[PDB]
Amino acid sequence: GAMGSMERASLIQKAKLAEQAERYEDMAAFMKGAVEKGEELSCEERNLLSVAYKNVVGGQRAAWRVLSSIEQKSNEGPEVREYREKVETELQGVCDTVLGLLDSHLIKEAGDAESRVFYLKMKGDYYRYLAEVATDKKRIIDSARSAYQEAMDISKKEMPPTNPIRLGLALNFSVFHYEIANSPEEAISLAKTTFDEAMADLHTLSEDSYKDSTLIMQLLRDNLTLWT
Amino acid sequence: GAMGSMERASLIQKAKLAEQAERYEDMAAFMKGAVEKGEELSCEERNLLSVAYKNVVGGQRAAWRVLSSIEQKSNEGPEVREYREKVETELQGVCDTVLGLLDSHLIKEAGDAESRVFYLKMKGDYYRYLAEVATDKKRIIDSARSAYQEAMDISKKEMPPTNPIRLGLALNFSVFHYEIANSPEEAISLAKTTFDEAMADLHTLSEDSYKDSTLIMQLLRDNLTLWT
Amino acid sequence: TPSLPX
Amino acid sequence: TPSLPX
Ligand SMILES: *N1CCC[C@H]1C(c1ccccc1)c1ccccc1
Ligand SMILES: *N1CCC[C@H]1C(c1ccccc1)c1ccccc1
Ligand SMILES: [Cl-]
Ligand SMILES: [Cl-]
Ligand SMILES: [Mg+2]
Ligand SMILES: [Mg+2]
Ligand code: NA
Ligand code: NA
Ligand code: NA
Ligand code: NA
Ligand code: NA
Ligand code: NA
Ligand code: NA
Ligand code: NA
């Protein structure tokens with residue numbers, strides 16, 4: 001694409017600069033260019049990819065929620081609907097872009113459990129964002145579920161219960177159950193079992209790993225408190 | 001442009017929606033479309049134009065400052081300079097866009113003191129932002145000064161000393177003196193005389209106007225405290 | 001519900 | 001120095 005002439009290392013370097021400047025659209029374009037070099041991503045590079053697109057779609061989703069709320073209140077001219085549709089289409093485009101990167105060809109080249117779970121968790125997230133605005137909706141929801149489920153199966157087989165990627169996967173799959181699948185009891189069960197199994201494995205961890213895991217465990221507990 | 005097919009009223013309506021969604025790039029594009037309909041802007045519409053582009057360039061300037069600081073620390077490969085230049089060019093492009101709207105043809109059609117001072121203050125601001133990154137620099141600085149000065153001359157002739165537009169003009173012209181023109185004593189004098197002349201005119205104001213004026217007066221005082 | 005930031 | 005917001 002437009003990053004095709006820039007060195008892989010320079011794209012990564014500029015993605016890190018863009019993050020420091022809170023220029024997340026730039027950051028995402030740089031990381032897209034880096035992915036499209038065809039090489040697998042390191043752990044740090046996977047995090048950069050995730051941070052970049054998470055922040056881009058996060059702004060879009062928050063905008064979409066504001067406009068949809070106005071649109072709904074208006075139903076109790078076409079401008080509100082039109083502009084909501086404009087944001088929604090740009091949001092779907094970014095989701096399609098990320099899902100395209102995962103399908104071409106990050107996932108199929110990810111053989112290590114940590115990278116494969118990482119990308120499958122991302123796939124579930126971005127189908128979940130598509131589901132938030134969908135009204136093919138059932139197929140989109142099942143795509144999110146299938147991606148999360150494959151990631152869960154690998155993570156439970158290959159990674160300790162305190163692993164941050166596994167914990168973050170479980171947190172977001174539980175949110176999917178609660179917010180998308182209308183399965184609040186499944187969400188609660190998943191978050192509780194995840195929290196309890198990580199608690200029992202904390203004793204194996206260094207101080208630094210302890211901090212990483214307990215941070216995510218607290219977010220699991222926060223949601224359980226909200227849900228119960 | 002790309003907004004040429006949308007009604008003026010719809011552009012204004014969507015600019016207000018974009019502000020609520022904190023989508024300031026959209027907001028600016030909508031207000032650009034509205035300006036390019038050729039009609040003069042109301043007071044509320046002038047504020048929408050200002051809010052939109054202020055937020056867009058504000059993000060660019062903050063990004064530019066982050067990258068320039070890194071670039072400077074690096075001087076004690078080309079990626080840092082390149083990316084700083086990328087942001088700087090996009091920043092200059094938005095400044096050129098706003099200045100083009102003012103020159104074509106907002107300023108020449110502004111006959112009322114409040115609208116004319118408003119646009120000339122904007123002209124000074126956006127030349128000031130160009131000066132922040134300039135290394136024609138003297139001509140850019142004098143363009144900012146000339147625009148601010150014409151606005152000052154009109155505001156002192158046509159508007160009470162508590163008028164928010166006049167106060168905001170004086171605040172930003174004083175910042176220009178301190179940060180751009182290397183004239184800290186002129187900045188301090190201007191802010192002090194502005195504060196004192198507004199204080200003496202507060203007794204004429206309603207409760208609501210009192211609040212508007214004293215809010216800006218407090219920012220004048222904040223800068224004087226920083227400067228002394 | 002809040003999801004996993006970053 | 002802080003300028004006039006908005
Ligand atoms: N957000 C910042 C770092 C990556 C990302 C999540 C995450 C991504 C993919 C799979 C699981 C989690 C994360 C990872 C570790 C710690 C906090 C957040
Ligand atoms: N930022 C929000 C409203 C307009 C703008 C400034 C301002 C613009 C142009 C000339 C003078 C001031 C403003 C105006 C009134 C109150 C606060 C800020
Ligand atoms: Cl629209
Ligand atoms: Cl660049
Ligand atoms: Mg129950
Ligand atoms: Mg002195
Ligand atoms: Na290369
Ligand atoms: Na309308
Ligand atoms: Na749609
Ligand atoms: Na393992
Ligand atoms: Na019309
Ligand atoms: Na380099
Ligand atoms: Na330049
Ligand atoms: Na007057």
# chains A, B, ... in the order shown; residues from 1 in each chain; ligands from 1
>>> interface_residues(of="chain B", to="chain A", cutoff="10 Å", atoms="only C-alpha atoms", output="ChimeraX atom specification")
/B:9-11,13-15,17-23,26,59-67,70,77-80,82-84,87
>>> interface_residues(of="chain A", to="chain C", cutoff="7 Å", atoms="only C-alpha atoms", output="list in words")
residues 50, 51, 54, 168, 171, 172, 175 and 223 of chain A
>>> residues_around(residues="range 155-160 of chain A", least_positions_apart="5", cutoff="12 Å", atoms="only C-alpha atoms", output="PyMOL selection string")
chain A and resi 111-121+148-150+165-170+194+197-202+204-205+209+213
>>> write_last_selection(atoms="N, CA, C and O atoms", output="CSV table (one decimal), in the first residue's frame")
chain,number,residue,atom,x,y,z
A,111,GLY,N,2.0,-20.2,14.8
A,111,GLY,CA,2.1,-21.6,15.3
A,111,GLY,C,2.3,-21.6,16.8
A,111,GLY,O,1.9,-22.6,17.4
A,112,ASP,N,2.9,-20.6,17.4
A,112,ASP,CA,3.1,-20.6,18.9
A,112,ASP,C,1.8,-20.2,19.5
A,112,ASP,O,1.1,-19.3,19.1
A,113,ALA,N,1.5,-20.9,20.6
A,113,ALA,CA,0.2,-20.6,21.3
A,113,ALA,C,-0.1,-19.2,21.6
A,113,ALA,O,-1.2,-18.7,21.4
A,114,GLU,N,1.0,-18.4,22.1
A,114,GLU,CA,0.8,-17.1,22.5
A,114,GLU,C,0.4,-16.2,21.3
A,114,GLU,O,-0.5,-15.3,21.5
A,115,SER,N,1.1,-16.3,20.2
A,115,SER,CA,0.7,-15.5,19.0
A,115,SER,C,-0.6,-15.9,18.5
A,115,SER,O,-1.4,-15.0,18.1
A,116,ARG,N,-0.9,-17.2,18.4
A,116,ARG,CA,-2.1,-17.7,17.8
A,116,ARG,C,-3.3,-17.2,18.7
A,116,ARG,O,-4.3,-16.8,18.2
A,117,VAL,N,-3.2,-17.4,20.0
A,117,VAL,CA,-4.3,-16.9,20.9
A,117,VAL,C,-4.4,-15.4,20.8
A,117,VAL,O,-5.6,-14.9,20.8
A,118,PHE,N,-3.3,-14.7,20.7
A,118,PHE,CA,-3.4,-13.2,20.6
A,118,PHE,C,-4.2,-12.8,19.4
A,118,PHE,O,-5.1,-12.0,19.5
A,119,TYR,N,-3.9,-13.4,18.2
A,119,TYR,CA,-4.6,-13.0,17.0
A,119,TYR,C,-6.1,-13.5,17.0
A,119,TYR,O,-7.0,-12.7,16.6
A,120,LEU,N,-6.4,-14.7,17.5
A,120,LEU,CA,-7.7,-15.1,17.5
A,120,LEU,C,-8.6,-14.3,18.5
A,120,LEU,O,-9.7,-14.0,18.2
A,121,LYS,N,-8.0,-13.9,19.6
A,121,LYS,CA,-8.7,-12.9,20.5
A,121,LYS,C,-9.0,-11.6,19.8
A,121,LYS,O,-10.1,-11.1,19.9
A,148,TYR,N,-13.2,-16.5,19.5
A,148,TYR,CA,-12.9,-16.6,21.0
A,148,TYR,C,-12.8,-18.0,21.4
A,148,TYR,O,-11.9,-18.3,22.2
A,149,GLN,N,-13.7,-18.9,21.0
A,149,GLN,CA,-13.7,-20.3,21.5
A,149,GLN,C,-12.4,-21.0,21.1
A,149,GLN,O,-11.8,-21.7,21.9
A,150,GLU,N,-12.0,-20.9,19.8
A,150,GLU,CA,-10.7,-21.5,19.4
A,150,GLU,C,-9.5,-21.0,20.3
A,150,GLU,O,-8.7,-21.7,20.7
A,165,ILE,N,-2.3,-12.9,28.3
A,165,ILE,CA,-3.1,-13.0,27.1
A,165,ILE,C,-4.3,-13.9,27.4
A,165,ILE,O,-5.4,-13.6,27.0
A,166,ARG,N,-4.1,-15.0,28.1
A,166,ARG,CA,-5.2,-15.9,28.4
A,166,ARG,C,-6.3,-15.2,29.3
A,166,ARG,O,-7.5,-15.3,29.1
A,167,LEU,N,-5.8,-14.4,30.3
A,167,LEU,CA,-6.7,-13.6,31.2
A,167,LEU,C,-7.5,-12.6,30.4
A,167,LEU,O,-8.7,-12.4,30.5
A,168,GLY,N,-6.8,-11.9,29.5
A,168,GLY,CA,-7.4,-10.9,28.7
A,168,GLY,C,-8.4,-11.4,27.7
A,168,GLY,O,-9.5,-10.9,27.5
A,169,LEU,N,-8.1,-12.6,27.1
A,169,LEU,CA,-9.0,-13.3,26.3
A,169,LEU,C,-10.3,-13.7,27.1
A,169,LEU,O,-11.4,-13.4,26.6
A,170,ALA,N,-10.1,-14.2,28.3
A,170,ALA,CA,-11.3,-14.6,29.1
A,170,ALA,C,-12.1,-13.4,29.5
A,170,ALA,O,-13.4,-13.5,29.4
A,194,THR,N,-12.3,-18.1,35.7
A,194,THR,CA,-11.0,-17.5,35.3
A,194,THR,C,-10.3,-16.8,36.4
A,194,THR,O,-9.1,-17.0,36.6
A,197,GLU,N,-9.1,-19.6,39.0
A,197,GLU,CA,-7.9,-20.4,38.6
A,197,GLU,C,-6.7,-19.6,38.5
A,197,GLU,O,-5.6,-20.2,38.7
A,198,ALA,N,-6.7,-18.3,38.2
A,198,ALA,CA,-5.5,-17.5,38.2
A,198,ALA,C,-5.1,-17.2,39.6
A,198,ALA,O,-3.9,-17.2,39.9
A,199,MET,N,-6.0,-17.0,40.6
A,199,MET,CA,-5.6,-16.8,42.0
A,199,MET,C,-4.8,-18.0,42.5
A,199,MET,O,-3.8,-17.8,43.2
A,200,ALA,N,-5.2,-19.2,42.2
A,200,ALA,CA,-4.5,-20.4,42.7
A,200,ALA,C,-3.1,-20.6,42.0
A,200,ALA,O,-2.3,-21.4,42.5
A,201,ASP,N,-2.8,-19.9,40.9
A,201,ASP,CA,-1.5,-20.0,40.3
A,201,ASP,C,-0.6,-18.8,40.5
A,201,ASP,O,0.5,-18.8,40.0
A,202,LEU,N,-1.1,-17.8,41.2
A,202,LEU,CA,-0.2,-16.6,41.5
A,202,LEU,C,1.1,-17.0,42.2
A,202,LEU,O,2.1,-16.3,42.0
A,204,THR,N,3.2,-19.0,41.8
A,204,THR,CA,4.3,-19.5,40.9
A,204,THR,C,5.1,-18.3,40.3
A,204,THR,O,6.1,-18.5,39.6
A,205,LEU,N,4.6,-17.1,40.5
A,205,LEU,CA,5.0,-15.9,39.6
A,205,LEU,C,6.0,-15.1,40.3
A,205,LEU,O,6.1,-15.0,41.6
A,209,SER,N,5.6,-10.5,37.1
A,209,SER,CA,4.5,-11.2,36.5
A,209,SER,C,3.2,-11.2,37.4
A,209,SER,O,2.1,-11.1,36.9
A,213,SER,N,-0.5,-10.0,36.1
A,213,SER,CA,-1.7,-10.9,36.2
A,213,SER,C,-2.8,-10.3,37.1
A,213,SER,O,-4.0,-10.3,36.8
>>> residues_near_ligand(ligand="ligand 6", cutoff="10 Å", atoms="only C-alpha atoms and all ligand atoms", output="PyMOL selection string")
chain B and resi 184-186+188-189+228
